[PDB]
Amino acid sequence: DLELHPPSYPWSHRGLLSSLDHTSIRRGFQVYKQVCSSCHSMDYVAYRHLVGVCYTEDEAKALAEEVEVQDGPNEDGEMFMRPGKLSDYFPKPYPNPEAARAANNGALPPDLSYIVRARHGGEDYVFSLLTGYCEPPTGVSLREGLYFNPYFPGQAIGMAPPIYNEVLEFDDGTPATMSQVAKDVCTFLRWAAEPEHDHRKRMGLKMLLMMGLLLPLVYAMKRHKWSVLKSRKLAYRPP
Amino acid sequence: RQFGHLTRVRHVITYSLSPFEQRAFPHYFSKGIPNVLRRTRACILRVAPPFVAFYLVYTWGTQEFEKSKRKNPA
Amino acid sequence: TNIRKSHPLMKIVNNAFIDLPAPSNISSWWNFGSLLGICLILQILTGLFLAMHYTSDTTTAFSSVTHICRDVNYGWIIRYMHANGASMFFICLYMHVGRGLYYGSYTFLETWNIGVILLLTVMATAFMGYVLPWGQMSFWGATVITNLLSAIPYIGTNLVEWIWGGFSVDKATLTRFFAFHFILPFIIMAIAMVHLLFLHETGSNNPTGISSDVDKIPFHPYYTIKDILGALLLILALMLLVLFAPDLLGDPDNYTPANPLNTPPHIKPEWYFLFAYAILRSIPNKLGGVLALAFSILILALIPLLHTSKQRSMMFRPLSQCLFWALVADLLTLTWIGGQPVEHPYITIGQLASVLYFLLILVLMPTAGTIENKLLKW
Amino acid sequence: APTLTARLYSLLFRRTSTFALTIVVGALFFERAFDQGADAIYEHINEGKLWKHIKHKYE
Amino acid sequence: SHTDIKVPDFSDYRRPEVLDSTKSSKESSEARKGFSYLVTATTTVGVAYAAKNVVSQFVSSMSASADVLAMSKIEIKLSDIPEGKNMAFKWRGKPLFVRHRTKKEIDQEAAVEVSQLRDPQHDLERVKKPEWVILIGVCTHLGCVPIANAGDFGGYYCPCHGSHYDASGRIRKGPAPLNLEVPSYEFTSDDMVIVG
Amino acid sequence: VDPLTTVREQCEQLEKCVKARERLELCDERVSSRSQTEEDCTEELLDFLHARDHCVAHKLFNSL
Amino acid sequence: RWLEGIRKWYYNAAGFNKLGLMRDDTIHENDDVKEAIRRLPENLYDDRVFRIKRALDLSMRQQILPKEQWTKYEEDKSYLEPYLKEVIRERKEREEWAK
Ligand code: HEC
Ligand code: HEM
Ligand code: HEM
Ligand SMILES: CCCCCCCCCCCCO[C@@H]1O[C@H](CO)[C@@H](O[C@H]2O[C@H](CO)[C@@H](O)[C@H](O)[C@H]2O)[C@H](O)[C@H]1O
Ligand SMILES: COc1ccc2c(c1)N=C(c1cnn(Cc3ccc(OC(F)(F)F)cc3)c1)C(C)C2=O
Ligand code: FES
């Protein structure tokens, strides 16, 4: 039970005032859609959330219409299935957690909405996990259905290596290498966990500037009033 | 107790200037830098020694936890 | 013949805020009182706005907190202001107490004891606040900490189940924790006004520890302008966290919902309790550990009785100064050890730090005072 | 040649009423200038990264 | 004597403008106040900008969130409703009736008596497009869901108390006070309608 | 095809990496040589990967 | 005697002398000290008042006197001793009598 902690990759959003790469978010979404969304849920993200971030209103309407979702009841009192809308959330693979366990040999695949924020290391951690799958060292073997990852705690994970070269073609025609696919999906998972990212940092800059102005001004006002006392001379004149 | 009822003082003169007649930052770096060094040198080996000791007990205990979790050559 | 001294309401404002006689020489360490006030108002506002969107039902609770951060307009900036605001509070508190200890302000007995009460109530508030999101650390933290009361002989086990309102931390626990977390800040508000009411009997101590009646200045404008500058610096610290590192002072495990089966690896309270969490784990016996955790805070009530020095402030006292800064460094060590797993050598370091904490307060700093006196022919 | 600070005093700062009207006017002109200026600094720092920059590709 | 007191030298602390003891300070007084009051005035303009932002954000908090705005409007496809028949939807937790009307129903609801109605409204100002009538499917008296293409006046009828609505949605014979509710809407393209 | 496996090789030919690789190969042919001992070689692999993937991080992104 | 070396060192370490204070200026004001102060002659009292005023003004500025102006160890008169000693002697007699 030793530990190998992830290294610090130079993300395009690493700096204090650096925004998320939104074209990387557009790719990363597709990596969730094509690869993850049949195993992992992502409950807090709806189809409307994508508008003005990585897709237009018309694009996100098309993406929503593509998926099945239950709705009801109706005049006769029955639960029907309908095409999705913008107001619908991203659909869960299974109906419940107990169903999910059966499909993955006892393991329950975690919801991905906050996975960047819920793990030590964040996007640095997830990227290392996805690309770090390797063959076990000598003297090592786990029970059938448990793969070797050096970045997972306890050195053994129950997830089959999900990303490889040419896993899915991209909409903008970026060459889909394993490293490229991991980089994009992490950028998306970052935005999933923290949608505020870009606004937060815009506010940060405006705060630093206003403080840069107000702090020396108020400090000058302080010194002004106090100058009566700082300058003063005392004289003791007993008769 | 208000001003006028505080305590008894005799034969003490106080002179002062209006803040509109004077500067907010007189000799700020000139006299300020050396006064700061004086203040820092005065308290340094009261304040600093315990925090040096913390740094040492910290860095000792951290890599002792790492050594212990490694395998022993026997 | 002004209407500042005349009007029944303005009179109280004029005497406690404008024309108050203040020592000429009080340092930056006297700003923390005013800043604690700002923290309290800040928590209440942001808190009230969060309560407009939150629900205390176990199923919807975690979801409501995320709903604030995602769908409510500027709900995220409100939410992280409130969480980092709680940290800024505890920074302000420990600085405020440190000042009292070093400059011997604790001689103002009533003021001091009401302080101890205030501290304890803020602790109680913040403990129940961190439960409200209903994440892993929320649920598992509350479980272990509460369940320590079962270590009381005869009654303890009943007491725990009465606080919970069941056999574990469940639906009834979360709803009542929301009600107590709402009411308590307002009780703090009241106790804080009694705190100041006693302070205005004597007025302020200063860094010298020598009486300042010969050199008082009016609060306005001298200290009103200082307090503005201080407030501005507090806002900078808060906003630097909120806008550049909002998760830095938390724990990741509170981003996954509460699971009564799946235990987090190293369960721990929030940073400002870690010193006392380490003292608890120093003692091997459980009831012993609970009595030590209680005495680690309550010892503040003992401090004025332990005073030996003929001088009030530590300003003119070298030996005491060093022992004080030793006690500070020791507390930093207990906070570190509090965050660590129970193993070699963290066990031994923790034991040694806990012994040193009580040794410094009950034996070393009293002896140091007496040695200092006999060096001055006193 | 009455200095510029002196002009500012006689024309804006002497009557408290004009001092306050100055602050209200100034705050309007400051807000628009500061916001426009600071946003430019941010969007140049993050050139081609934002939805605002990549919008044209899908319209 | 008290004449032995002479005021200490304040040269080190003075502003440059008031250093010369043989010149009158009165020239520089206009300026010296100007500078210091500018600092105060600048500070206030800055604080104004900040406080405006903090306040206005908190006000925004209490206004409708993104998910409430998501259910605000509902889109309906006009080629999906056959001329003559009614079609119902769920909107702000309540039924919503859209009805394509025939040239028979247009002319028959045009020349109705305006005074005889309990709630006097002409048809041309209840709706925009003549071939289309949009209404909330809630009975105005005590809240039911009216059944389409039925009743005496050939429009909507209620089996709760005894109300009869015409093809334009107006009350003709019953206990209901006001006519069926006309929501706020606009046609987008000739094929689509957005209600809300 | 992947920029990743190119860079993993480039970094592997550093003295800190190759010294750690040799350490890995010593217990490779030390656990395998011995029969019936519960001791394995996880530690040595992680030592290697730590040194390798630190370097990989520093310049992998350039090709993305 | 032998510890006079340490007493002289401690005096300067403690450092109230750098503000132009004597030892008895630094004594914490309880009820006995209050009475002792109240019993001082005009001269001794007004001196005490000035010395403290001076120190407080220096403390306000975060400054010290020139080294020439510092209270020398040998020149530190114990001005409050005879008044304070008798104030305490008096109280202990009343406390005894009340038993
Ligand atoms: C067919 C199954 C399957 C696919 C495909 C899959 N996962 Fe998972 N995933 C799992 C299972 C099962 C676990 C739980 C493993 C465990 O706890 O040992 C898991 C765990 C994870 C974890 C948690 C690791 C931790 O620190 O505990 C992350 C992050 C994750 N998956 C992300 C992804 C991403 C990103 C993709 C694709 C781009 C993906 N998964 C594809 C089944 C899958
Ligand atoms: C909600 C928490 C608290 C608030 C709002 C508060 C408020 C204040 C304020 C405004 C002052 C005057 C300004 C100052 O000297 O800082 C003050 C002074 C004081 N407080 Fe607190 N306080 C709080 C907690 C405490 C605690 C926990 C203690 C001690 C355990 C304490 C002890 C004191 C003392 C001794 C003084 C007098 C300081 C002096 O004159 O030198 N207070 N408090
Ligand atoms: C001394 C004052 C207070 C302290 C120290 C305090 C502390 C806290 C803390 C630490 C949290 C958890 C923050 C998080 O991790 O998300 C919290 C949550 C909360 N507090 Fe407070 N609080 C205070 C006052 C108030 C008041 C007055 C209210 C309401 C009137 C309030 C309402 C809430 C609500 C609704 C939450 C849950 C939402 C959230 O998690 O952010 N609090 N509080
Ligand atoms: C270059 C020098 C290298 C330094 C050598 C460091 C490692 C060698 C061991 C040094 C001695 C410390 O050894 C350590 O002591 C502590 C303190 O009692 C023990 O702790 C044990 O006893 C205490 C007694 O109160 C119990 O509370 C605790 O439950 C138990 O674990 C550890 O089990 C032991 O591992
Ligand atoms: C340094 O020495 C002293 C001495 C005496 C006192 C003191 C400091 N600070 C006080 C104090 C209390 N809170 N604050 C900050 C503050 C918080 C909220 C607020 O809201 C309002 F609505 F505008 F009023 C205003 C101010 C300052 C008081 C009472 C006080 O008697
Ligand atoms: S309820 Fe249908 S009309 Fe009265």
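The chain as shown is numbered from 1 upward.
Positions of Cβ are set from backbone N, Cα and C atoms, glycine also.
Residues or ranges marked as transmembrane segment in Swiss-Prot: C:32-52 (among others). Panel annotation: around the transmembrane segment (C:32-52), residues 68, 78-79, 81-82, 85-86, 88-89, 92-93, 95-96, 99, 182, 185-186, 188-189, 192, 227, 230-231, 234 of the same chain, lying at least six beyond its termini, place a Cβ under 8 Å from a Cβ of the stretch.
Residues or ranges marked as transmembrane segment in Swiss-Prot: C:76-97 (among others).
Annotated heme b b562 binding site per Swiss-Prot: C:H82, C:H181, in sequence order, evidence recorded as experimental evidence. Neighbour count (other Cβ atoms within 10 Å of the Cβ, all protein chains): 21 for C:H181 (heme b b562 binding site).
Sequence annotations record features per position, and here Swiss-Prot assigns heme b b566 binding site to C:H96, C:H195 based on experimental evidence. DSSP classifies C:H96 (heme b b566 binding site) as helix under the three-state reduction. Of all Cβ atoms in the protein chains displayed, 20 besides its own lie within 10 Å of the Cβ of C:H96 (heme b b566 binding site).
The annotation transmembrane segment is assigned in Swiss-Prot to C:112-132 (among others).
Taken from Swiss-Prot, the feature transmembrane segment covers C:177-197 (among others). For the transmembrane segment (C:177-197), the list of distant contacts is 16, 37, 40, 43-44, 47, 51, 54, 56, 111, 114-115, 117-118, 121-122, 124-125, 128-129, 131-132, 142: same-chain residues at least six beyond its ends, Cβ to Cβ under 8 Å.
When other Cβ atoms within 10 Å of the Cβ of C:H200 (ubiquinone binding site) are tallied across all protein chains shown, the result is 13. Secondary structure at C:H200 (ubiquinone binding site), as computed by DSSP, is coil. Positions annotated as ubiquinone binding site by Swiss-Prot, on the basis of experimental evidence: C:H200.
The transmembrane segment feature in Swiss-Prot is assigned to C:225-245 (among others).
Look at Swiss-Prot and you will find C:287-307 (among others) tagged as transmembrane segment, backed by a large-scale study or a structure entry.
The transmembrane segment annotation in Swiss-Prot covers C:319-339 (among others) and rests on a large-scale study or a structure entry.
According to Swiss-Prot, the transmembrane segment annotation covers C:346-366 (among others), on the basis of a large-scale study or a structure entry.
Counting only same-chain residues six or more apart in sequence, the Cβ atoms lying under 8 angstroms from the Cβ of C:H195 (heme b b566 binding site) belong to C:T111, C:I114, C:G115, C:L118.
Cα of C:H96 (heme b b566 binding site) to Cα of C:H181 (heme b b562 binding site): a span of 23 Å. Within the chain, the transmembrane segment (C:76-97) has long-range Cβ neighbours (under 8 A, six or more residues past its boundaries) at 29, 32-33, 35-36, 39-40, 42-43, 46-47, 49-50, 65, 68-70, 115, 119, 122, 126, 129, 234, 237-238, 241-242, 246, 249-250, 270-272, 300.
Rounded to a whole value, the Cα-Cα separation of C:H200 (ubiquinone binding site) and C:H181 (heme b b562 binding site) is 30 Å. Around C:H82 (heme b b562 binding site), the same-chain residues at least 6 positions away in sequence with a Cβ under 8 Å from its Cβ are C:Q43, C:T46, C:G47, C:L50. Below 8 angstroms of C-beta separation, residues 98, 101-102, 268, 271, 273-279, 281, 309, 346, 349-350, 353-354, 356-357, 360-361, 364-365, 368-369, 371-372 of the same chain, each at least six residues beyond the ends of the transmembrane segment (C:319-339), sit close to that stretch. Proximity to ligand 3 (Cβ under 6 Å from any of its atoms) holds for these binding-site residues out of C:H82, C:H96, C:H195, C:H200: C:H82.
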